Chemist: 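Starting off with a structure, shown below.
Along the sequence shown, residues are numbered consecutively beginning with 1. Basis for what follows: all heavy atoms, side chains included, without hydrogens, waters or symmetry-related copies.
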Amino acid sequence: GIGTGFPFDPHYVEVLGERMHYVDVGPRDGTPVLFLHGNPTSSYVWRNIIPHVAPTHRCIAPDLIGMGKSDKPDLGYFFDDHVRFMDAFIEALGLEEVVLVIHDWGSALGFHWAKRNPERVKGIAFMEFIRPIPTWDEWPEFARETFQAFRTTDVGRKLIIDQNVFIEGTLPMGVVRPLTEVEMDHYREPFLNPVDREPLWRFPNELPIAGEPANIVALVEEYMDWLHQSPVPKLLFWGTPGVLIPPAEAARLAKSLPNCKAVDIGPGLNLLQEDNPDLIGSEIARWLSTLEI
Ligand SMILES: [Cl-]
């Protein structure tokens with residue numbers, strides 16, 4: 001069965017005055033593979049994928065600021081805050097060239113960093129990634145009213161901050177197979193106190209949906225423009241029915257994005273890592289062996 005444990009030795013680095021935790025396993029030389037999680041997860045979401053890659057490549061998986069075992073400064077936790085912290089995390093570890101493996105808000109961070117630093121990105125593996133959602137009709141109907149309610153300061157904060165719905169509800173509805181109590185407890189751990197749930201509510205308020213927020217839409221459109229032109233090697237995982245990336249969108253992208261290979265993981269919603277970690281891990285490892293790294 002799918003592993004529930006998190007055996008990785010903790011590492012911490014100081015980044016803009018705050019401590020960030022990260023996983024760091026695998027051989028010291030070579031090009032490192034940088035795994036970036038999204039909302040409402042942490043490096044825990046990569047626990048069953050990293051073991052396929054760590055035999056042959058260094059795997060670095062940070063916890064975003066305010067998440068996982070990272071510190072919880074009093075921020076708004078805008079996407080811009082995550083950009084500043086991830087930029088400085090990357091520099092604090094002295095990373096030069098990397099391969100990215102990215103998901104959800106980690107994908108916005110990784111594509112935005114790669115577009116700004118294309119010489120330092122040797123490949124991107126991505127899944128269930130942030131793209132502009134043109135209208136609410138392109139958000140999955142089964143989740144539409146709740147995401148609309150999340151994007152308010154009254155109902156949305158009641159649900160996500162007071163009641164922890166992003167953890168208790170949205171996270172299971174983003175995984176096809178059932179999550180076990182131990183897994184739920186690993187995801188709950190950083191957010192036991194309601195005040196620490198700020199990032200969980202700011203993230204859905206930052207999603208580029210129906211033109212809002214305009215600044216995030218523009219930034220995401222720009223990295224998608226880059227992705228459609230850049231020769232960077234690309235590996236796209238997708239599932240059925242997906243959430244951010246429906247199967248037809250994935251098929252489009254695989255042919256449209258240069259140097260892109262698509263992998264169907266089977267049934268999946270948003271956290272594809274929880275529905276088929278062994279395929280995702282093994283395919284990343286295989287794909288890495290084809291890159292000039
Ligand atoms: Cl979100």
Side-chain angles (χ1 to χ4, degrees), residues 1-15 18-72 85-86 89-90 92-95 98-106 109-110 125-128 167 171-172 174-192 196 199 237 265 268 270-289:
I2 293 167
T4 66
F6 189 78
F8 303 101
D9 292 335
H11 307 263
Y12 297 91
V13 61
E14 191 176 310
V15 177
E18 303 292 335
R19 193 175 57 221
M20 284 177 74
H21 169 262
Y22 59 105
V23 173
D24 186 359
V25 298
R28 287 304 95 180
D29 39 25
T31 299
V33 181
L34 178 65
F35 290 74
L36 302 180
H37 73 89
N39 193 29
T41 65
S42 66
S43 53
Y44 186 78
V45 76
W46 299 115
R47 68 195 183 284
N48 296 320
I49 293 168
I50 284 165
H52 291 263
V53 181
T56 54
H57 293 88
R58 181 176 184 199
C59 301
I60 301 168
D63 292 336
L64 295 186
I65 195 62
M67 309 189 75
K69 297 180 188 178
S70 288
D71 280 353
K72 307 173 171 303
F85 277 87
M86 191 49 59
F89 173 80
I90 291 168
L93 266 58
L95 307 178
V98 302
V99 176
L100 298 171
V101 176
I102 60 188
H103 176 232
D104 187 76
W105 277 104
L109 290 169
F126 52 102
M127 56 209 77
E128 277 285 315
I167 291 287
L171 155 70
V175 178
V176 168
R177 59 102 171 168
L179 294 169
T180 75
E181 190 72 10
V182 162
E183 289 169 327
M184 289 295 306
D185 280 345
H186 274 279
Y187 281 118
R188 281 163 180 150
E189 192 68 22
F191 304 111
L192 299 176
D196 290 334
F237 295 95
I265 65 130
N270 179 258
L271 285 77
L272 304 190
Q273 303 97 319
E274 291 298 6
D275 278 304
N276 202 345
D278 291 312
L279 186 61
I280 293 163
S282 68
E283 288 296 308
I284 297 173
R286 184 203 46 79
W287 169 78
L288 290 163
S289 77

Chemist: When you compare the side chain of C59 with that of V23, does any pair of heavy atoms fall below 4.5 Å?
Modeler: no
Chemist: What is the minimum heavy-atom distance between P199 and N39, and which atoms define it?
Modeler: O-OD1, 4.3 Å
Chemist: Report yes if the side chains of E181 and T4 come closer than 4.5 Å at any heavy-atom pair, otherwise no.
Modeler: no
Chemist: At their closest point, which heavy atom of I167 faces which heavy atom of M184, and how far apart are they?
Modeler: O-CE, 3.4 Å
Chemist: Tell me, which pairs form a salt bridge (charged side-chain N to carboxylate O under 4.0 Å, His left out) where one or both residues lie in residues 53-69, sequence neighbours left out?
Modeler: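 Applying salt bridge (charged side-chain N to carboxylate O under 4.0 Å, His left out) to every pair that reaches into residues 53-69, excluding sequence neighbours, yields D24-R58.
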Chemist: Calculate, to the nearest 0.5 Å, the distance between atoms OH and CG belonging to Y22 and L64 respectively.
Modeler: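 Those atoms lie 15.5 Å apart.
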Chemist: Mind checking whether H52 and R286 have side chains closer than 4.5 Å, heavy atoms only?
Modeler: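 No, side chains not in contact.
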Chemist: Once you round to the nearest 0.5 Å, how far does CD1 of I280 lie from CZ of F237?
Modeler: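 Rounded to the nearest 0.5 Å, the CD1-CZ separation comes out at 6.0 Å.
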Chemist: What heavy-atom pair brings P27 and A54 nearest, and what distance separates the two atoms?
Modeler: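 That closest heavy-atom pairing would be CD-O, 3.2 Å.
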Chemist: Would you mind listing every salt bridge (charged side-chain N to carboxylate O under 4.0 Å, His left out) that reaches into residues 1-10, with sequence neighbours excluded?
Modeler: none
Chemist: List the atom of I60, the atom of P32, and the distance in Å for their closest heavy-atom pair.
Modeler: CD1-CB, 3.9 Å
Chemist: Of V53, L279, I50, which is the lone residue that meets side-chain contact (heavy atoms from CB on, under 4.5 Å) with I284?
Modeler: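 Of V53, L279, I50, side-chain contact (heavy atoms from CB on, under 4.5 Å) with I284 is met by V53 alone.
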Chemist: What distance do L271 atom CG and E128 atom CD have between them, rounded to the nearest 0.5 Å?
Modeler: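 If I round to the nearest 0.5 Å, the distance is 8.5 Å.
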Chemist: When rounded to the nearest 0.5 angstrom, what is the spacing between OG1 in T41 and CD in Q273?
Modeler: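 Answer for the OG1-CD pair, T41 versus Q273, is 7.0 Å.
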Chemist: Can you find a pair of side-chain heavy atoms, one from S43 and one from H21, that are under 4.5 Å apart?
Modeler: yes
Chemist: Out of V99, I102, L93, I90, which one pairs with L34 under the side-chain contact (heavy atoms from CB on, under 4.5 Å) rule?
Modeler: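 Of the listed options, the one satisfying the test is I90.
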Chemist: I need the minimum non-hydrogen distance between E189 and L192, along with the two atoms involved.
Modeler: O-CG, 3.6 Å
Chemist: Is the ring pair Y44/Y187 parallel, tilted or perpendicular, if the boundaries are 30 and 60 degrees?
Modeler: perpendicular
Chemist: Can you tell me how far NZ of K72 sits from CZ of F191, rounded to the nearest 0.5 angstrom?
Modeler: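 Interatomic distance, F191 CZ to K72 NZ, rounded to 0.5 Å: 5.0 Å.
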Chemist: Roughly how far, to the nearest 0.5 Å, is the CD1 atom of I265 from the CD atom of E283?
Modeler: 12.0 Å
Chemist: Does a side-chain heavy-atom distance below 4.5 Å link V182 with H186?
Modeler: yes
Chemist: Given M20 and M86, is the side-chain contact (heavy atoms from CB on, under 4.5 Å) satisfied, shown in steps?
Modeler: CA-CA 10 Å; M20 284 177 74; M86 191 49 59; 4.2 Å; yes
Chemist: For a quick test of reading the model, state the closest non-hydrogen atom pair linking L36 to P62 and the distance between them.
Modeler: CD2-CG, 3.7 Å
Chemist: Does the side chain of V101 come within less than 4.5 Å of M127's, by heavy atoms?
Modeler: yes
Chemist: Do any N or O atoms from the side chain of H37 and from the backbone of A61 form a donor-acceptor pair under 3.5 angstrom?
Modeler: no
Chemist: Yes or no on side-chain contact (heavy atoms from CB on, under 4.5 Å) for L288 and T56, after CA distance, side-chain angles and deciding distance?
Modeler: CA-CA 9 Å; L288 290 163; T56 54; 5.7 Å; no
Chemist: Quick one: do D275 and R177 make a salt bridge, cutoff under 4.0 Å?
Modeler: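 So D275 does not pair with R177 through a salt bridge.
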